[PDB]
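Below is one structure; the comments refer to it alone.
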Amino acid sequence: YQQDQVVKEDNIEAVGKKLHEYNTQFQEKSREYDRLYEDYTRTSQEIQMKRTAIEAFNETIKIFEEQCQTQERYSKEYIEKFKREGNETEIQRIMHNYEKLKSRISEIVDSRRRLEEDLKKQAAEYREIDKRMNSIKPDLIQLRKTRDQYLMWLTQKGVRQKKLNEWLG
Amino acid sequence: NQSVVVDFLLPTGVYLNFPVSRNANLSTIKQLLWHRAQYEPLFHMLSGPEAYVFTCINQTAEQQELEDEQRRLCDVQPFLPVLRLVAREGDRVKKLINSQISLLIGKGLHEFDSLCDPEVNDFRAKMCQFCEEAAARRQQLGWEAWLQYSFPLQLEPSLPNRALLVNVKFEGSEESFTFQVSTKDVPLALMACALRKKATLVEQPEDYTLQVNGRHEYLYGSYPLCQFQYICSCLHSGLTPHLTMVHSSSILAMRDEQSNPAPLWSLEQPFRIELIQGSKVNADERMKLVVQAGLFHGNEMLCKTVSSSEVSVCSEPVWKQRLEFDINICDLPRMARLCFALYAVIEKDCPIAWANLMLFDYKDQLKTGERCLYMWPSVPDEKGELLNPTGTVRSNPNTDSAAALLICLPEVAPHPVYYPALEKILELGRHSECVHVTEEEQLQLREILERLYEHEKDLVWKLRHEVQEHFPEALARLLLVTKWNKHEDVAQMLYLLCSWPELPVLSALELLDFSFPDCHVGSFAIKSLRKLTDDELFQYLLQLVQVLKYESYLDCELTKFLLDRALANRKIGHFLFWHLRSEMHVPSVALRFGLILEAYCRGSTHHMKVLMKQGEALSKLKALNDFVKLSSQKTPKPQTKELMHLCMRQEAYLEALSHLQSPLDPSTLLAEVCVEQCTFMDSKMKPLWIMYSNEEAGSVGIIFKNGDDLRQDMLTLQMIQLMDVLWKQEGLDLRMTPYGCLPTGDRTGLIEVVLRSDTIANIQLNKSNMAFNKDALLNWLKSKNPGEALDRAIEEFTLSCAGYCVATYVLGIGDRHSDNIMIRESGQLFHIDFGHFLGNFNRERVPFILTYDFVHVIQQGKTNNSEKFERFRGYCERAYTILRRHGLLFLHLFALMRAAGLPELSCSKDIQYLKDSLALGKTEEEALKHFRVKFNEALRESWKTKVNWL
Ligand SMILES: COc1ncc(-c2cc(-c3ccnc(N4C[C@@H](C)O[C@@H](C)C4)c3)cc3c2CNC3=O)cc1NS(C)(=O)=O
Ligand SMILES: [Cl-]
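If you read the sequences in order, they're chains F and Y.
Start counting the first sequence at 431; every next residue gets the next number (UniProt numbering).
Just so you know, the second sequence maps onto residues 17 to 174, 185 to 226, 232 to 294, 316 to 400, 415 to 517, 523 to 768, 772 to 845, 850 to 919, 926 to 1034 in UniProt numbering.
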């Protein structure tokens, strides 16, 4: 009784010719997916590097913010005792030193922000890769199942293993 | 440029910014800092330089107090060139360890904290405590015990009774005493005799041990001198041994370098789940998304896999569906596994991603409430299943960009519910024991258990009491016939497991496979693995590590077992460390492997120092290989070789690569780089060839290969080693050279250089005819073995060729040719670069292969020498037979390696290859007559191959 065969019956040479074609297309699409899966994994590593580099910027900035806390708390003592007793020159050094610290932080924040912009762009890549991967999968699967149906059709028909290997090579 | 601008934050609040050299050590920078600080405000408030320690944010985003100030800023390698001064004191011992662990293991310890996971926090708490105790307990005990931990004996698997001389000396004294001693002498005999040479009063022999000078290999215990690898290696070669007597005190000097730090079934309504929302889905808009779900236990389904409706494709698809499964809450087994797969479908099949969740948590509680499962991408393969129940349970680490199904396990009862304790299991399990006295089914079960199908399964289940009684080894067969989707059955089977007799190591290996998920099963398996000797455990350590990949929870028996053994034996620790460390780049295992490496490190602070030196050597080799890779594209090789050296001459490069224990063998010492002999090979990834020297020993070499994958070559070499042990254990030394191969990192590793060797292709290239050219291998062995030594050299070749012929047949390794087969000057054929195995490459069985060239050497140049050729046939036949006797060991081991995700070892066929190649389905007589037909046909083929060769 009836069974849903995808292969239309022509002859051994006609069917074997399509096995070579469908196998060639399968190996080529398998190369394509594997090329993307590298870019997937590589990007997944690169994003995770970037994500911890952002954390290191956070922690470094934290250290700078702690320095600002200290300076303001510490300066209180040696500005009263310096305002009286003449030394407004040291007050000016103390404070200009502080302004040089605050100015460095802005640069570190600027470089943090640049990496945040890279991670945003590289997240866009990752997603697009995965989208492209998921569009190629259904082709890769149906070409696998087609290739296998033609093998099984020829095996049933009684085609010798030497002949099948000519086509699959 | 050479110098870096560095930010300096002083504790007065003052900020100071100036250039310093990359090569400058931190102590030099602190001097420059104090010199500059003078002329900046509030200097007089600071204490002395020694009162403070630099702090910085390292590459792993963590603050590090930099205690060792003899370190270059380029090796400290802070994230930004920013150094902060802080108060020295505050338990500096624990601070320093916590820092070094992060850099050593690759992942930062704060990344465990960030997760806010109890399971992680309890693991760390429980295991770090456990390891800290053992290491403290190790430090208390004697020097002999410590010597056993640090340098366990390297014995042969073990007749001669010969006499041969041995050089001995003492520690410090230049002069040396050579004296005679027989093969079967216990080490004390040599020591006491060496002390008489010292006297002819002062010391006693039991406060001493012999060090094989050159290396960290010590000679002690009740075993005779002939069973030690060094002496055995010295006897076979003919060379004289060289030892050094060392005092007990001098060994306590190694031990005390540094100290370790101080210290219900009342819920019968069906199981169901709420599927809420997708997130961050990437798919084609024309298609529509479906989510298929199914409950699993091991590989088998518990019930039918119900699915969702087709919602339209978008980033944030929303279902809000109740999914009801055909199984009750009370029926669920302990390791019940809900498994998802998001599919993209044409409306009228693309697997996007998948995710698995354990229904019970690590504290035995049934999980309720919302869960945001971050999914893993589906990769298409030959057997495209709906779901992936063998896949991991921990979520995708990339929560930033990855997909996710949002679901919600409903509240089943007001108070929480657990899986019952072992007491309540044995309550239900003990009862309902019945149907004794059945004679007809004793033939039927024996027939069944001397070889599963559904008819046969119910018979095994009925006669489970008799299986335990008469067929104990068939536990795994019984475990699978047990219906895990009914809690009555699960109680009854567990009751038997508690009373089940201890199985042999072989049987217990099978029970570690993914098909046997239950905690009680794995526990029983380890119970039986606990009798492994350190030598035998080492032979399976790769496989045990891989099995962790399909464990459910972090704290498990297998992990505790591995850590137990690593803390007791430093060599096992060493190789456990690198097996784990080389997979920390793999997202699916990074956390699990991360937390274990922390535990090991905390109980192995001694070795932690050694692994740091290795890590930094490997750190520089990447940088060196990357320069060579880039240079090869630009210029010719000769000049790249001189340019490689110029990089190797540097302070940071020379010292990092100099003076470290080999990763391939921590007993082996890599001392002085021979930069003259350093080079790189012509190969796609251009792997570095680093030669060392040692005035104590003696010339070791390594290969740093980066870009290709070495896991398959390690597995293959592990197996050829395992074979060699099995052959040696039946008194057959086939002169194999299973060189060391260790994956250290992301497509990165070391390979042992076998000294005094060349490829068959290169040996034959000297005497070329350009279209007799033969006898090139035979001519070569004359120059390296003159006169009487040639007869040995031919025997080494015959013996070695036999083993490598059988090995390569059995493992199914093709693509064997002149430029990947190597001879040694001793005359030992050995194989390199096993890129493919088990028939892969296209997928056909690799026939047994004799080369004419090798047969000609075996026959000693003669056209017919059947006396000598029969010997070789016997060596092959004996070899093959022995491997069959241990066929199940190979199958079980390879079955666990399926965990590793190697392309060429991924399924039953790949395992079946080993079954057929070893003819395990046939009797030993039948197997061996089939091997002769293969042999004979390889011999007929041998002529036909070289007649075609022009
Ligand atoms: C896993 O992958 C590998 N497995 C093994 C090896 C390998 C290769 C050779 C060898 C092969 C061919 N030629 C030579 N030369 C002769 C020598 C006098 O001078 C050299 C510069 C060239 C040496 C020797 C050894 C090993 C392992 N232990 C050895 O002793 C290499 C790779 N990696 S690769 C490069 O990509 O094949
Ligand atoms: Cl940077």
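Where a beta carbon is used, it is the ideal one built from N, C-alpha and C, also for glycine.
Spatial neighbours of residue i within its chain, please: CB distance less than 8 Å, with the 5 preceding and 5 following residues excluded, ordered by chain position.
i        : result
F/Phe494 : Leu531, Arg534, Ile535 and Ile538
Y/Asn114 : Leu125
Y/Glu362 : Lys340, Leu341, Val342, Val397 and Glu399
Return helix, strand or coil for residue i, following the three-state DSSP convention.
i        : result
F/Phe494 : helix
Y/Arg809 : coil
Y/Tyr959 : helix
Y/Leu574 : coil
Y/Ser19  : strand
Y/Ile398 : coil
Y/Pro543 : helix
Y/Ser364 : strand
Y/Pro417 : strand
Y/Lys952 : helix
F/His450 : helix
Y/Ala768 : coil
Y/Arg38  : coil
Y/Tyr428 : coil
Y/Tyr254 : coil
Y/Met715 : helix
Measure the beta-carbon distance from residue i to residue j and round it to whole angstroms, keeping in mind my assumption that it falls under 8 Å.
i        : j        : result
Y/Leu608 : Y/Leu619 : That belief does not hold up - the Cβ atoms of Y/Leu608 and Y/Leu619 are roughly 15 Å apart, past 8 Å.
Y/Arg673 : Y/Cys144 : 5 Å
Y/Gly945 : Y/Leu856 : 6 Å
Y/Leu171 : Y/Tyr254 : 6 Å
Y/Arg902 : Y/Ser831 : 5 Å
Y/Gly775 : Y/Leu829 : 7 Å
What residue does the alpha helix (DSSP H) around residue i start on, and which one ends it?
i                       : result
F/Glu558                : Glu518 to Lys587
Y/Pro134                : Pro134 to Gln156
Y/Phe664                : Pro658 to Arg673
Y/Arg87                 : Y/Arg87 -> no alpha helix (DSSP H), and no H or E assigned at all.
residue 1048 of chain Y : The requested residue 1048 of chain Y is not part of the displayed model; chain Y covers only 17 to 1034.
Y/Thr604                : It is not in any alpha helix (DSSP H) - Y/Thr604 carries neither H nor E in the DSSP assignment.
Y/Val109                : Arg108 to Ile121
Y/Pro213                : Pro213 to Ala225
Y/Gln685                : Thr676 to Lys705
Y/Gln260                : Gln260 to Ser268
Y/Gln943                : Taken as a continuous stretch (DSSP letters only), Y/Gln943 belongs to no alpha helix (DSSP H), as it is neither H nor E.
Starting from residue i and walking both ways along the beta strand (DSSP E), at which residues does that stretch end?
i        : result
Y/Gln344 : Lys340 to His349
Y/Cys382 : No beta strand (DSSP E) holds Y/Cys382; DSSP gives it neither H nor E.
Y/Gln206 : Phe203 to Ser208
Y/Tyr484 : That residue, Y/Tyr484, is in no beta strand (DSSP E); it is neither H nor E in DSSP.
Y/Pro987 : Taken as a continuous stretch (DSSP letters only), Y/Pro987 belongs to no beta strand (DSSP E), as it is neither H nor E.
Y/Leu327 : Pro322 to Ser331
Y/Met900 : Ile899 to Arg902
Y/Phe196 : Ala189 to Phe196
Looking only at its own chain, which residues have a Cβ that is under 6 Å from the Cβ of residue i, when we skip the five neighbours before and after it?
i        : result
Y/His650 : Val616
Y/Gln748 : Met762
Y/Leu580 : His976
Y/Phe632 : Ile597
Y/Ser764 : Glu743, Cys745 and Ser773
Y/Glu573 : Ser599
Y/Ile491 : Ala562 and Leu565
Leaving aside the five residues before and after residue i along the sequence, list all residues of the same chain whose C-beta is less than 7 Å from its C-beta, in chain order.
i        : result
Y/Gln206 : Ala189 and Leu191
Y/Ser594 : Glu628
Y/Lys142 : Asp626
Y/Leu101 : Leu25, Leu26, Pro27, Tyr68 and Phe70
Y/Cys263 : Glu172 and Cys257
Strictly closer than 7 Å from CB to any heavy atom of ligand 1: give me those residues in the order they appear in the chain.
Y/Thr750, Y/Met752, Y/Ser754, Y/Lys755, Y/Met756, Y/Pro758, Y/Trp760, Y/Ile777, Y/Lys779, Y/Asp782, Y/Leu784, Y/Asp787, Y/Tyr813, Y/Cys815, Y/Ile825, Y/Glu826, Y/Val827, Y/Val828, Y/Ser831, Y/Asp832, Y/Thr833, Y/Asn836, Y/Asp897, Y/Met900, Y/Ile910 and Y/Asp911
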